[PDB]
Every structure is written in C-alpha cells, then in structure tokens.
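Report on the structure given below.
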Amino acid sequence: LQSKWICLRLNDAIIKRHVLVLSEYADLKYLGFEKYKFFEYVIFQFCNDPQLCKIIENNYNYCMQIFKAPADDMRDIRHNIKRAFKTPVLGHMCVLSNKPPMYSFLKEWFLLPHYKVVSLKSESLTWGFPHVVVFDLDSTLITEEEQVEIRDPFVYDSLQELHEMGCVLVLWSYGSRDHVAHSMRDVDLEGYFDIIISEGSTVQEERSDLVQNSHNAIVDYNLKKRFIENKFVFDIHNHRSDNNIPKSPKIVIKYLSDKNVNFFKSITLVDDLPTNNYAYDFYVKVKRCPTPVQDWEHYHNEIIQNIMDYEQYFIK
Amino acid sequence: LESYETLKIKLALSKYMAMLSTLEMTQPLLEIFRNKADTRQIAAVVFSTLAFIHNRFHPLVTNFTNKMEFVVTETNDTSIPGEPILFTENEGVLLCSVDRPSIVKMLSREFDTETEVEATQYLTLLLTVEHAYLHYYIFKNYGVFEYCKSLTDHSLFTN
C-alpha cells in the first residue's frame, strides 16, 4: 500500500544531516527539554488523521513534509526525503533504544543509538562527500581458477579513476579470509580497496545462549590489512525456505563508520546474484566471468552514468 | 621528474605574487601587515587568496559571498594559537579574525638560505591562507561543532 509518511526538518538544528525515526510525532518527550535539537530530520508513520496534520501544522519551529511510500523500501524513503529537502548527501539515522520502530525496511540496516551520535568525527580521508561501492570476488573480477586473473586491465585504471572521483572502494566476499587475502596479494590490490571482508555467512540465526562480548581478530601483519571478524548474526528478517548470502547494508555501514565515514553521497552494489540486492540504491548485475573477457569499459561507463543520474536527479 | 613539479610549484607562486601585485600595494609585504589601520588591504588580500585557492581546486565556481567581515584582533586573549585566522558566525553572518602580532612574528622569524626572501614571506602567507581555506571549506559545507573539531584537528583533510 502507498504508505503515507510525515517528515520534519529543523531550521536551527544543532547538527546537520541526520535522521531520527519515531513511532509517532508526539515522541518528543523521549528527547524532552532542548535535547531534540540535536537531530535534523524526523520521520514517522502517518495514521491518516487530519487532526494530527493540524497538530503538526501548529509546530512553527519545524518544516512540514508529507509523502507516500508505495513499498516499505529504504531506497524510496531516501529518494523522497532527499528530493523534498534537495539535500545531495544523506546522513545517519537513529532510533530509540527503549521504543524502536519495527518497520521491515529497518531490518538488515544499520541503526545508530540516538545519544551516541554526538561523539563522532568527520574524518574520512576524502576531500568531500564520497560514494560507496563494493564488488564480488568470484565471476565478477576474479576467475574461479586457482590462479586469480584480472577481468580487465582497465579495472585498475578504473579504480584509480574512481579514486579521483572519491568513491569508496570496498571488497566483500564469502570465501576463506586467508585465501582471499592471498588473492589480493597475488592481484596486487593492496593500495586500492578501503575495507576487505569475506566469509559473510556468519549468521547462525542465534536466538539464545546469550553469547556476546567476545572479540578476537588475528590480523596477520604480512600485509597489515584489517582481518576483522564479522561478529554479527542478523539474518532474521523474514521467513523463507532457504536463506544465505545476507549481504546486508548494516555490515557495510559498520565497517564504513570504522573509518569515521558518516556522510556518503550514494551507494552501489556490484555483484552477480541479484539476491544480494535487497534494498541497495544501485545494483550492477555483472555478467559471470570465470575467464577474462576484458569488457570492463561498458560496466565502468555504466557506473559513471549512474553517478551522473544520481547527481542530476537530486542536485539539479 | 620532480623538476616539472617544482616548476609548477614556482608557477603557482608566480601567480600568487602577480595577483598580489595586481592589488597595487607598493608597500613591502611585511610593512602592509605592520599597519594595523590598513585592515582593508589585509582583508581584500585574504579574500582574494581564498577565492584563488577555491578556484585552483574548484575552478567551476568563480564568485563567492565576501559579506564576511574582517577584524584584526590585537588582544592576546582573543587570539587563538595555531589558527591566527578564525571564522565565527553572528546569527548567520560570518566574521574573520586576524592576529597581526602573530603575523609579524611569523614574517620576521628567520631568513633561511645558506628577491627570494620575498618568496619565503609569500609562501608563508600562502600556507596561512591554506589553513584558513581548509577549515572554512569545512564550515562552508557543514560546520557547527565539526568546524570546531576541525579547528581542534586540521589533519582530517589529510590530502
């Protein structure tokens, strides 16, 4: 159904470009006295109450924005909010620990506690606001053969070209951490990617045993790359006969914030199986390439064109 | 290899000095900032340099709102060490602070070597404006306390 939502903006917000999802408009009591001005964007469900619309209109200290969401998709939320507010870059979103909304699109998405936002930093090794992109290992850029082979020598040129643009380069796979790291050494991709992740199927649908606060990463300094361990089991989103390759945005956002990344212009998913595209803003259905094809020009120009469409849509 | 880079660097310096000379300032660069009353020359110089730097790394935009005003702070308290140039906000209007004593101490510190000394002073002033524009870029995009944080750490830009 065309879900109606109401979004509000503060003209004199203490901190800019952040989101807070509330169960209802009257949730200001949770923020309370002068502690609501921290956040910029407030969104909540609309109960088809014109009296509530009048109540909202009474608030002269904020802005009014009502729209429709045909599906509970985070992408549509971002598109509509940015279009209404004309902002080209979207910040973080927060919820209440005691009363968090149970919207479906929130699942498999990173949630920031409301108070913890004030203790962050903007350092991102970027001139300005970058994009986000992650790539698949097998059939995408690495041959399934024992000897890893480059799909296209122009891929390295494309990587440095994106670095000129400033887009964030990320690797996420599911093969063994050691094997993938040695593959990166063999292909010499040390100075290109920003985050290197594999074995993304750590989810075991944990429901009990109260196991937490157990972190141990063996960062082999043969390459000094961050060999972090995915301590996340959050594949419980909706019932299905078979589930795998969770590839959720939540993990990507966590590892981005690891480098104080908090203001990204856009994000794209580059993988073969469309199943990994759950609510990613841009999906690239890369053709399976178990052997070199050296046709990266078309896909690279597609990436550039998608970026241009994003910028033209929202900035202009 | 590095020779072409050095030539380009000196060319940037040549543009810097020629642009300064286009302001019709026969006074020596040091004596310009010696005059505390001649705040107008200092303010125009700083704004021109900031616009040029913005242009160098962002050639698209050419004109900027210079409505920001420049006050030459001369109180030791008002001065903030490390950043002799500061940009505040006054109900939406941004000001500028100039620590002339710090500038003078900067200009007369050392003579290097062992004309060109002009070039040393010019490069020093250029780097001062470099910090100025870096943190002002942070504010002009998004600064409330992130600008204050950037003052607490100017390395967040890195590159």
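FYI, nothing fancy with the structure tokens labels: chains A, B, ... in order, residues from 1 per chain, ligands from 1 as they appear.
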
At a cut-off of 12 Å, list the chain B residues touching chain A, using only C-alpha atoms, as an mmCIF file with C-alpha atoms, in the first residue's frame.
data_model
loop_
_atom_site.group_PDB
_atom_site.id
_atom_site.type_symbol
_atom_site.label_atom_id
_atom_site.label_comp_id
_atom_site.auth_asym_id
_atom_site.auth_seq_id
_atom_site.Cartn_x
_atom_site.Cartn_y
_atom_site.Cartn_z
ATOM 1 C CA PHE B 57 40.901 23.091 -6.627
ATOM 2 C CA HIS B 58 37.353 24.068 -7.725
ATOM 3 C CA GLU B 91 23.235 34.964 13.560
ATOM 4 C CA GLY B 92 24.085 33.730 10.067
ATOM 5 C CA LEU B 134 40.728 24.359 4.576
ATOM 6 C CA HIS B 135 38.752 24.929 7.747
ATOM 7 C CA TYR B 137 35.702 24.748 3.413
ATOM 8 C CA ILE B 138 34.716 22.518 6.306
ATOM 9 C CA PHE B 139 32.364 25.203 7.638
ATOM 10 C CA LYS B 140 31.008 26.331 4.252
ATOM 11 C CA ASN B 141 29.891 22.782 3.599
ATOM 12 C CA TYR B 142 28.937 21.727 7.141
ATOM 13 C CA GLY B 143 30.227 23.325 10.306
ATOM 14 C CA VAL B 144 28.673 23.843 13.732
ATOM 15 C CA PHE B 145 30.891 21.790 16.014
ATOM 16 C CA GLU B 146 32.520 19.823 13.188
ATOM 17 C CA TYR B 147 34.145 23.138 12.300
ATOM 18 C CA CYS B 148 35.238 23.423 15.933
ATOM 19 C CA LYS B 149 36.519 19.838 15.766
ATOM 20 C CA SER B 150 38.399 20.703 12.565
ATOM 21 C CA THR B 152 40.972 21.039 17.120
ATOM 22 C CA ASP B 153 42.452 18.892 14.326
ATOM 23 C CA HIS B 154 43.286 20.260 10.871
ATOM 24 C CA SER B 155 44.616 16.894 9.669
ATOM 25 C CA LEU B 156 41.152 15.444 8.957
ATOM 26 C CA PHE B 157 41.569 16.692 5.390
ATOM 27 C CA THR B 158 44.920 14.848 5.153
ATOM 28 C CA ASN B 159 45.498 15.066 1.378
#

Query raised in the report: Could you pull out all residues of range 188-295 of chain A with a DSSP call of strand (DSSP E or B) and give them as a list in words?
Result: residues 195, 196, 197, 264, 267, 268, 269, 270, 271, 282, 283, 284 and 285 of chain A

Could you write out the selected residues, including N, CA, C and O atoms, as a compact mmCIF listing (two decimals), in the first residue's frame?
# COMPACT_ATOMS: atom_id res chain seq x y z
N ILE A 195 38.11 -1.39 2.58
CA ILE A 195 37.69 -2.41 3.54
C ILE A 195 37.67 -3.75 2.83
O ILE A 195 37.14 -3.86 1.72
N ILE A 196 38.24 -4.77 3.47
CA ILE A 196 38.36 -6.11 2.90
C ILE A 196 37.65 -7.09 3.82
O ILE A 196 38.10 -7.32 4.95
N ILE A 197 36.56 -7.68 3.33
CA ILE A 197 35.73 -8.59 4.11
C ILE A 197 35.46 -9.84 3.29
O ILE A 197 35.31 -9.80 2.07
N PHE A 264 27.95 9.85 3.23
CA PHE A 264 28.19 9.28 1.91
C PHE A 264 27.10 9.76 0.95
O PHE A 264 25.92 9.80 1.30
N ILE A 267 25.43 4.91 -2.67
CA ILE A 267 25.98 3.56 -2.51
C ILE A 267 25.49 2.69 -3.66
O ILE A 267 24.34 2.80 -4.09
N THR A 268 26.38 1.83 -4.16
CA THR A 268 26.08 0.93 -5.26
C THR A 268 26.53 -0.48 -4.89
O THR A 268 27.55 -0.67 -4.22
N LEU A 269 25.76 -1.47 -5.33
CA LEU A 269 26.09 -2.88 -5.15
C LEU A 269 26.54 -3.46 -6.48
O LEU A 269 25.83 -3.35 -7.49
N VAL A 270 27.72 -4.09 -6.48
CA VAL A 270 28.29 -4.71 -7.67
C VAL A 270 28.47 -6.19 -7.37
O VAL A 270 29.42 -6.59 -6.69
N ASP A 271 27.54 -7.01 -7.86
CA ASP A 271 27.60 -8.45 -7.65
C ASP A 271 26.77 -9.13 -8.73
O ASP A 271 25.93 -8.50 -9.38
N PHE A 282 21.81 1.26 -5.85
CA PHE A 282 22.20 0.90 -7.21
C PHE A 282 22.72 -0.53 -7.21
O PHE A 282 23.59 -0.88 -6.41
N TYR A 283 22.18 -1.34 -8.12
CA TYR A 283 22.63 -2.71 -8.30
C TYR A 283 23.20 -2.87 -9.70
O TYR A 283 22.58 -2.44 -10.68
N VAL A 284 24.38 -3.47 -9.79
CA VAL A 284 25.02 -3.78 -11.06
C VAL A 284 25.04 -5.29 -11.20
O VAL A 284 25.72 -5.99 -10.44
N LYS A 285 24.28 -5.81 -12.18
CA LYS A 285 24.21 -7.25 -12.42
C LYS A 285 25.36 -7.63 -13.35
O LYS A 285 25.21 -7.73 -14.57

Query - Distance query residue 149 in chain A at most 12 Å, only C-alpha atoms, self and fewer than 2 positions along chain excluded, as a VMD selection string - result: chain A and resid 137 to 147 151 to 153 155 183 to 184 186 to 188 289 to 294

Create the file for the chosen residues now, containing N, CA, C and O atoms and written as a short mmCIF file (atom, residue, chain, number, x, y, z; two decimals), in the first residue's frame.
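The new file part-v4.cif reads:
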data_model
loop_
_atom_site.label_atom_id
_atom_site.label_comp_id
_atom_site.auth_asym_id
_atom_site.auth_seq_id
_atom_site.Cartn_x
_atom_site.Cartn_y
_atom_site.Cartn_z
N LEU A 137 33.82 -11.20 -5.51
CA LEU A 137 35.10 -11.84 -5.80
C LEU A 137 35.00 -12.75 -7.02
O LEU A 137 35.68 -12.53 -8.03
N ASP A 138 34.15 -13.77 -6.96
CA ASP A 138 34.08 -14.79 -8.00
C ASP A 138 33.13 -14.36 -9.11
O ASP A 138 32.09 -13.76 -8.86
N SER A 139 33.52 -14.68 -10.35
CA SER A 139 32.77 -14.40 -11.58
C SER A 139 32.56 -12.92 -11.83
O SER A 139 31.86 -12.55 -12.78
N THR A 140 33.14 -12.05 -11.01
CA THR A 140 32.99 -10.60 -11.15
C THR A 140 34.30 -9.92 -11.51
O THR A 140 34.36 -9.21 -12.52
N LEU A 141 35.35 -10.11 -10.71
CA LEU A 141 36.66 -9.57 -11.01
C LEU A 141 37.77 -10.59 -10.88
O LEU A 141 38.91 -10.30 -11.27
N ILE A 142 37.49 -11.78 -10.35
CA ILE A 142 38.49 -12.81 -10.12
C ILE A 142 37.98 -14.11 -10.73
O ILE A 142 36.86 -14.54 -10.44
N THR A 143 38.81 -14.72 -11.57
CA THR A 143 38.46 -16.00 -12.17
C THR A 143 38.37 -17.09 -11.09
O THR A 143 39.08 -17.06 -10.09
N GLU A 144 37.46 -18.04 -11.32
CA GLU A 144 37.31 -19.15 -10.38
C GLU A 144 38.51 -20.09 -10.37
O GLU A 144 38.60 -20.94 -9.48
N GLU A 145 39.42 -19.95 -11.33
CA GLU A 145 40.61 -20.78 -11.39
C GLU A 145 41.47 -20.60 -10.14
O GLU A 145 41.30 -19.65 -9.36
N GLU A 146 42.41 -21.52 -9.95
CA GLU A 146 43.34 -21.41 -8.83
C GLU A 146 44.19 -20.15 -8.95
O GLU A 146 44.41 -19.45 -7.95
N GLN A 147 44.66 -19.84 -10.15
CA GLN A 147 45.43 -18.62 -10.39
C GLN A 147 44.45 -17.49 -10.67
O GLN A 147 43.75 -17.49 -11.69
N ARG A 151 39.89 -9.50 -14.69
CA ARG A 151 38.88 -9.50 -15.74
C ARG A 151 39.26 -8.55 -16.86
O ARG A 151 39.08 -8.87 -18.04
N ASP A 152 39.80 -7.38 -16.52
CA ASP A 152 40.14 -6.37 -17.49
C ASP A 152 41.29 -5.55 -16.90
O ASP A 152 41.17 -5.07 -15.77
N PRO A 153 42.39 -5.37 -17.64
CA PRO A 153 43.46 -4.50 -17.13
C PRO A 153 43.00 -3.08 -16.89
O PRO A 153 43.58 -2.37 -16.07
N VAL A 155 40.55 -2.37 -15.26
CA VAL A 155 39.93 -2.32 -13.94
C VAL A 155 40.79 -1.50 -12.98
O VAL A 155 40.26 -0.72 -12.18
N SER A 183 44.79 -13.88 -2.44
CA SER A 183 44.37 -13.49 -3.79
C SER A 183 44.61 -12.00 -4.02
O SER A 183 45.02 -11.59 -5.11
N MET A 184 44.32 -11.17 -3.02
CA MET A 184 44.58 -9.74 -3.14
C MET A 184 46.07 -9.47 -3.29
O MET A 184 46.47 -8.61 -4.08
N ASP A 186 48.21 -11.55 -4.63
CA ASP A 186 48.57 -12.02 -5.97
C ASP A 186 48.15 -11.02 -7.04
O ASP A 186 48.90 -10.79 -8.00
N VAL A 187 46.96 -10.43 -6.91
CA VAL A 187 46.49 -9.44 -7.87
C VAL A 187 47.01 -8.04 -7.57
O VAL A 187 46.81 -7.13 -8.39
N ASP A 188 47.65 -7.84 -6.42
CA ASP A 188 48.23 -6.56 -6.04
C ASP A 188 47.16 -5.47 -5.92
O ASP A 188 47.24 -4.42 -6.55
N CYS A 289 32.02 -14.06 -15.11
CA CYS A 289 33.26 -14.09 -15.88
C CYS A 289 34.26 -15.01 -15.20
O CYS A 289 35.20 -14.55 -14.55
N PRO A 290 34.07 -16.33 -15.33
CA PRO A 290 35.09 -17.26 -14.82
C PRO A 290 36.41 -17.18 -15.57
O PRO A 290 37.40 -17.75 -15.11
N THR A 291 36.44 -16.53 -16.72
CA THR A 291 37.63 -16.30 -17.52
C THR A 291 37.66 -14.84 -17.94
O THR A 291 36.61 -14.17 -17.97
N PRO A 292 38.83 -14.29 -18.26
CA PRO A 292 38.91 -12.88 -18.65
C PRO A 292 38.07 -12.59 -19.89
O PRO A 292 38.04 -13.37 -20.84
N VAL A 293 37.40 -11.44 -19.87
CA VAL A 293 36.59 -11.00 -21.00
C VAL A 293 37.07 -9.63 -21.45
O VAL A 293 36.90 -9.25 -22.61
N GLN A 294 37.67 -8.88 -20.52
CA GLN A 294 38.25 -7.56 -20.80
C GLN A 294 37.23 -6.62 -21.43
O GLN A 294 37.53 -5.90 -22.38
#

Requested in this report: Find the residues around residue 29 in chain B up to 8 Å (only C-alpha atoms counted), leave out those fewer than 2 positions away in its own chain, and share them as a PyMOL selection string.
Outcome: chain B and resi 27+31-33+118+121

Query raised in the report: Contacts of range 99-111 of chain B at 10 Å or less, counting only C-alpha atoms, minus same-chain residues fewer than 3 places along, as a ChimeraX atom specification?
Result: /B:29-31,33-36,39,42,71-76,78-86,114,116-118,120-122,124-125,128

Expected file: the selected residues, N, CA and C atoms, as a compact mmCIF listing (two decimals), in the first residue's frame:
# COMPACT_ATOMS: atom_id res chain seq x y z
N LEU B 29 55.52 43.71 1.67
CA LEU B 29 54.55 42.75 2.19
C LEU B 29 54.52 42.76 3.71
N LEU B 30 55.69 42.85 4.34
CA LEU B 30 55.75 42.92 5.80
C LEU B 30 55.13 44.21 6.31
N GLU B 31 55.52 45.35 5.73
CA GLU B 31 55.01 46.63 6.20
C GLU B 31 53.51 46.78 5.96
N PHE B 33 51.23 44.46 6.65
CA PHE B 33 50.66 43.97 7.89
C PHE B 33 51.20 44.68 9.12
N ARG B 34 52.29 45.43 8.99
CA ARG B 34 52.72 46.29 10.09
C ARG B 34 51.67 47.35 10.40
N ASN B 35 51.01 47.88 9.37
CA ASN B 35 49.99 48.91 9.55
C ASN B 35 48.71 48.25 10.06
N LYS B 36 48.41 48.45 11.34
CA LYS B 36 47.18 47.91 11.91
C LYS B 36 45.96 48.63 11.37
N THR B 39 43.54 47.73 7.56
CA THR B 39 42.84 46.45 7.60
C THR B 39 42.19 46.12 6.27
N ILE B 42 44.57 44.14 4.02
CA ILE B 42 44.72 42.78 4.54
C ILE B 42 43.49 41.95 4.21
N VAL B 71 38.07 41.63 11.12
CA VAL B 71 38.53 42.44 12.24
C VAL B 71 39.90 41.93 12.66
N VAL B 72 40.86 42.83 12.78
CA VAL B 72 42.24 42.47 13.12
C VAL B 72 42.31 42.43 14.64
N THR B 73 42.18 41.23 15.20
CA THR B 73 42.29 41.09 16.65
C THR B 73 43.72 41.38 17.09
N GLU B 74 43.85 42.18 18.15
CA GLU B 74 45.15 42.55 18.68
C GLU B 74 45.25 42.27 20.18
N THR B 75 44.27 41.57 20.74
CA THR B 75 44.30 41.16 22.14
C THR B 75 44.84 39.74 22.22
N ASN B 76 45.81 39.52 23.11
CA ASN B 76 46.41 38.20 23.25
C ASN B 76 45.36 37.16 23.60
N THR B 78 42.01 37.22 22.83
CA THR B 78 41.17 36.94 21.67
C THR B 78 41.87 36.05 20.66
N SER B 79 43.19 36.16 20.56
CA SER B 79 43.96 35.33 19.65
C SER B 79 43.88 33.86 20.05
N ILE B 80 43.75 32.99 19.06
CA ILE B 80 43.73 31.55 19.25
C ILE B 80 45.03 30.99 18.69
N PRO B 81 45.89 30.39 19.51
CA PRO B 81 47.16 29.87 18.99
C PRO B 81 46.93 28.76 17.98
N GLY B 82 47.83 28.70 17.00
CA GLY B 82 47.74 27.74 15.92
C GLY B 82 46.93 28.21 14.74
N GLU B 83 45.86 28.97 14.97
CA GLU B 83 45.00 29.48 13.91
C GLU B 83 44.84 30.98 14.08
N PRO B 84 45.80 31.77 13.57
CA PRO B 84 45.67 33.23 13.65
C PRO B 84 44.46 33.76 12.91
N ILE B 85 43.90 32.98 11.99
CA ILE B 85 42.71 33.36 11.24
C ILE B 85 41.56 32.48 11.69
N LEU B 86 40.43 33.10 12.04
CA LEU B 86 39.25 32.38 12.51
C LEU B 86 38.01 32.93 11.83
N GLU B 114 71.66 29.65 2.92
CA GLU B 114 72.95 29.24 3.49
C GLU B 114 72.87 27.83 4.06
N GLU B 116 64.45 36.61 -3.11
CA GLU B 116 63.98 35.31 -2.65
C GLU B 116 63.31 35.39 -1.28
N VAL B 117 63.80 36.29 -0.41
CA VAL B 117 63.20 36.45 0.91
C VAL B 117 61.75 36.87 0.78
N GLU B 118 61.44 37.71 -0.21
CA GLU B 118 60.05 37.97 -0.56
C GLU B 118 59.31 36.67 -0.81
N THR B 120 59.95 33.68 0.33
CA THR B 120 59.74 32.98 1.60
C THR B 120 58.54 33.56 2.34
N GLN B 121 58.47 34.88 2.43
CA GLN B 121 57.32 35.51 3.09
C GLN B 121 56.02 35.19 2.36
N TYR B 122 56.06 35.22 1.03
CA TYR B 122 54.87 34.93 0.23
C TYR B 122 54.38 33.52 0.47
N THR B 124 54.95 31.66 3.11
CA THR B 124 54.43 31.60 4.48
C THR B 124 52.99 32.11 4.54
N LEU B 125 52.74 33.27 3.94
CA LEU B 125 51.39 33.82 3.94
C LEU B 125 50.43 32.90 3.19
N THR B 128 49.44 30.11 5.44
CA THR B 128 48.46 30.63 6.39
C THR B 128 47.06 30.61 5.79

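One distance worth recording is that between CA of residue 287 in chain A and CA of residue 273 in chain A, which is 9.4 Å.
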
Requested in this report: Fewer than 5 positions away in the same chain doesn't count, so skip those; otherwise give me all residues within 12 Å of residue 181 in chain A, counting only C-alpha atoms, as a PyMOL selection string.
Outcome: chain A and resi 137+148+171-176+186-190+193+195-199+219-227

Query raised in the report: If you count only C-alpha atoms, which residues fall within 7 Å of residue 71 in chain A, apart from same-chain ones fewer than 3 positions away, as a PyMOL selection string?
Result: chain A and resi 1-3

How about saving the chosen residues, N, CA and C atoms kept, as an mmCIF file, in the first residue's frame?
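Final output, result-v8.cif:
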data_model
loop_
_atom_site.group_PDB
_atom_site.id
_atom_site.type_symbol
_atom_site.label_atom_id
_atom_site.label_comp_id
_atom_site.auth_asym_id
_atom_site.auth_seq_id
_atom_site.Cartn_x
_atom_site.Cartn_y
_atom_site.Cartn_z
ATOM 1 N N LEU A 1 0.825 -1.201 0.000
ATOM 2 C CA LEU A 1 0.000 0.000 0.000
ATOM 3 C C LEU A 1 0.864 1.257 0.000
ATOM 4 N N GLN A 2 0.309 2.355 -0.515
ATOM 5 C CA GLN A 2 1.034 3.622 -0.610
ATOM 6 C C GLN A 2 1.133 4.225 0.788
ATOM 7 N N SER A 3 2.131 3.754 1.533
ATOM 8 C CA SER A 3 2.311 4.178 2.915
ATOM 9 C C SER A 3 2.618 5.666 2.983
#
